[PDB]
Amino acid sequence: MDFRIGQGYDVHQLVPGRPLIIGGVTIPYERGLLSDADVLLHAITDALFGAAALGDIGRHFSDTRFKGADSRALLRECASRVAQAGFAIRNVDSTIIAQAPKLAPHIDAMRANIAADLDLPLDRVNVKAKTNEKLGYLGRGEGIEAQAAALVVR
């Protein structure tokens, strides 16, 4: 019954000349995020480190071994370290905030990737999608934000 909660936040700029990868899914778009800059996976990664009280993603996977590694590999490495700390992942919930493109047709693909990387049943992983209602830098489409929550148990 030694439960712990963690929360995660990430945001990246939307720029031309980059692929758009969210939840490990390459989504056809005129711009991508400036890592593979996978905003969803980084937020989930941070939430997991947070729940296990192991610091944050920048400390574990800096700009100094993990060069060229995609965010799915970083998530798998995160999960491994959480497990070595003696914690089991119970569930993950998340929200992506993007004005465009449409993300709903890609939700299930994202869930399956995350579930596989965390060795979780599909019914313990959730991904939600929101616009920012044309408000702020998100609403003007300058970037994409992700929020995450994770529950673990020792």
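Note that residue numbering begins at 1 and tracks the sequence as displayed.
Participant: Taking only the other compared entries that model residues on either side of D63, decide whether it is unmodelled in at least a third of them.
Facilitator: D63: unmodelled in at least a third of the other compared entries.
Participant: Check the entry and tell me how many residues of the deposited sequence have no coordinates between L34 and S35: none, 1 to 3, 4 to 9, or 10 or more.
Facilitator: According to the record, 1 to 3 deposited residues lack coordinates from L34 to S35.
Participant: Hey, how big is the hole between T64 and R65 in terms of deposited residues without coordinates: none, 1 to 3, 4 to 9, or 10 or more?
Facilitator: Gap between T64 and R65: 1 to 3 residues without coordinates.
Participant: According to the deposited model, is the average Cα temperature factor higher in 42-50 or in 101-109?
Facilitator: Between 101-109 and 42-50, it is 101-109 that shows the higher mean C-alpha B-factor.
Participant: Can you tell me which stretch has the higher mean Cα B-factor, 132-140 or 11-19?
Facilitator: Stretch with the greater average CA B-factor: 11-19.
Participant: Identify, among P121, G68, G86, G55, the residue whose C-alpha carries the highest B-factor in the deposited PDB entry.
Facilitator: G68 has the highest C-alpha B-factor of those listed.
Participant: If you rank every modelled residue in this chain by C-alpha B factor, which third holds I27: lowest, middle or highest?
Facilitator: For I27, whose C-alpha B-factor we compare with every modelled residue in the chain, the answer is the highest third.
Participant: Check where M1 lands among this chain's C-alpha B-factors and tell me if it's the lowest, middle or highest third.
Facilitator: Answer is highest: the recorded C-alpha B-factor places it there.
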